[PDB]
Number of protein chains: 2
Amino acid sequence: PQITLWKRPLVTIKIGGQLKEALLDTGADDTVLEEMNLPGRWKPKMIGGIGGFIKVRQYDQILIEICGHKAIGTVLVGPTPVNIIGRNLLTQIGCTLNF
Amino acid sequence: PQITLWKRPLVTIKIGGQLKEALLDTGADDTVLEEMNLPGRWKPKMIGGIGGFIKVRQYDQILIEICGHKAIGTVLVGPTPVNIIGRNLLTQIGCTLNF
Ligand SMILES: [Mg+2]
């Protein structure tokens, strides 16, 4: 798709057998989603840093369908205020900024 | 341009007679830049909210050249950790997400 930016770029994602809403966020390095069950080995990761850090669980090689397009990559799971699709997965789906 | 997202989307901007670096940030509603002198009437604005608020100065109808393309819009000036080009100005330059 081509997505304009008058509104927050919220899209439907499919992940872990669930549907969720998430923000396409070019200002975020990583993808971080609300609590949910994902397969595989995870390890804790400290993210943020500006004001403090937040602990999340890092899951690698997770399949996601972001607005119809499939990708595999790292998904952090933990207490984020908004579900964020970060650059790691935006690149995997071939999402670019254009003007 | 077409900008991929392997790296942070930092671009050169021209504003207020100066050159600066800023991030093209689809996860930010507003444009917020480090301390600098801008023309016109400003008013304080509280931004953020997640953990607390930060006070910035709101300047309207400021001309900016974002990676070669001119736009006019609102620029918030204050103590941001990164210079951010938010959706308000991304829309003005016709920046879209595409995949
Ligand atoms: Mg951000």
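The chains referred to below are lettered A, B, ... by the order of the sequence lines, with proteins before strands, and numbering in each begins at 1. These numbers come from the heavy atoms of this one structure, side chains and all, not from hydrogens, waters or symmetry mates.
Neither the backbone nor the side chain of A:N88 comes within less than 4.5 Å of any heavy atom of chain B. The contact between A:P81 and chain B is made entirely by side chain atoms (from C-beta outward), counting heavy-atom distances below 4.5 Å. In this structure, chain A has a heavy atom under 4.5 Å from the side chain of B:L23, while its backbone stays farther away. Both the backbone and the side chain of A:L24 come within less than 4.5 Å of a heavy atom of chain B.
There is no path of hydrophobic side-chain contacts, each under 4.5 Å, that joins B:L89 to B:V82. Criterion: ILVMFWY side-chain heavy atoms under 4.5 Å apart, direct or through other members. Under it, B:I72 and B:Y59 are not part of a common hydrophobic cluster. Note: the hydrophobic cluster containing B:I62 also contains B:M36 (ILVMFWY, side chain heavy atoms under 4.5 Å, direct or indirect links). Under the 4.5 Å side-chain heavy-atom criterion for ILVMFWY residues, no single connected hydrophobic cluster contains both B:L63 and B:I13. Tracing side-chain contacts under 4.5 Å through hydrophobic residues (I, L, V, M, F, W, Y), one reaches B:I66 starting from B:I15; they form part of the same cluster.
Around the NZ atom of A:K14, the shell of radius 6.0 Å holds no more than 12 heavy atoms that belong to other residues, nucleotides or ligands. Atom CZ of A:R57 has more than 12 heavy atoms from other residues, nucleotides or ligands within 6.0 Å.
At least one donor-acceptor pair under 3.5 Å links the side chain of A:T26 to the backbone N or O of B:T26. Judged by distance alone, with hydrogens and angles left aside, the side-chain atoms of A:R87 form a donor-acceptor pair with the main-chain N or O of B:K7 at under 3.5 Å.
Comparing B:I84, B:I93, B:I3, B:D25 by how many heavy-atom pairs each has under 4.5 Å with chain A, the most go to B:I3. Note on A:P1, A:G86, A:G68: by heavy-atom pairs under 4.5 Å with chain B, the leading option is A:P1.
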Just do the side-chain contact (heavy atoms from CB on, under 4.5 Å) check on A:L97 and B:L5 with the steps written out, would you?
CA-CA 8 Å; A:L97 291 160; B:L5 295 168; 4.1 Å; yes

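Residue B:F99 comes nearest to A:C95 through the heavy atom pair CB-CA, 3.7 Å, listed as atom of the first residue, atom of the second, then distance.
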